[PDB]
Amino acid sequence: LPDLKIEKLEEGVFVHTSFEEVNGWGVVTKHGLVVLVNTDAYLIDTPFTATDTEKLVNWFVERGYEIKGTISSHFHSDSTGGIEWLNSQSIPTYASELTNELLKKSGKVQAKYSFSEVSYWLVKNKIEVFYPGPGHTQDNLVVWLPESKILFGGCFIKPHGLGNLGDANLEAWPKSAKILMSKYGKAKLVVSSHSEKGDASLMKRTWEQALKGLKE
């Protein structure tokens, strides 16, 4: 029931938070990002709903910013919910090829654009996209802001319990978390889908929870 929130983290980085009841887990709080590169604005994951997605886009346009693209970090609706409404607005939506396949196979609107990298610049020297391996899902990826050393980990960062296991890969998640820890050990801030922002140790905690959950 709470409203969409938009808070500023540092210059150029905003967390958007949206809320949705999902059967069993109760009310889910979902964090995403909005990254500004001069007057360009990029959505890192969409809010749950078209409504909130529209509200978030209007909030930044009305302040003089151009929405230039969006990328979903994985296929579940807490990252993809607003894709359809953005397509109907010719706002470019991005997802990996696997994520669009998983959106396909389960009957949901796909992002307009597919890519197949494991690491690349979404915006050169500004926003990096990285796939550490399967974890929370087979397609989950992260986004890295080298200039603020902030990392968006999505639903892969689980410092207090792994969450929905339905599409997760328990065997791989520890190794993926180790790879993530080595890549981004220099992070100063780690934003996740559902936990409070923290420092680089959230990645260690995630590895521990991935390990505990494999063991059962």
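Heads up, when I say rigid core I mean the largest set of C-alphas that superpose within 1.5 Å between the two forms. The numbering used is simple: start at 1 and walk along the sequence shown.
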Is 91 to 99 or 119 to 127 the stretch whose C-alphas end up farther from this model in 5 other deposited structures of this protein after a rigid core fit?
119 to 127
Per-stretch CA RMS vs shown form in 5 other deposited structures of this protein, rigid core as reference, larger of 63 to 71/25 to 33 is 25 to 33
For the higher mean C-alpha B factor in the entry, choose 174 to 182 or 56 to 64.
56 to 64
Where do the C-alpha atoms have the higher mean temperature factor in this entry, in 128 to 136 or in 114 to 122?
114 to 122
Out of 17, 23, 192, 206, highest CA B-factor residue:
23
Hey, what third does residue 44 fall into on Cα B-factor, ranked over its chain?
lowest
What third of the chain, by the recorded C-alpha B-factor, contains residue 104?
highest
Residue 151 - Cα temperature factor, lowest/middle/highest third of chain
lowest
Record-listed C-alpha B factor of residue 166: chain third:
highest
Within this chain's modelled residues, let me know which third the CA B factor of residue 90 belongs to: lowest, middle or highest.
highest
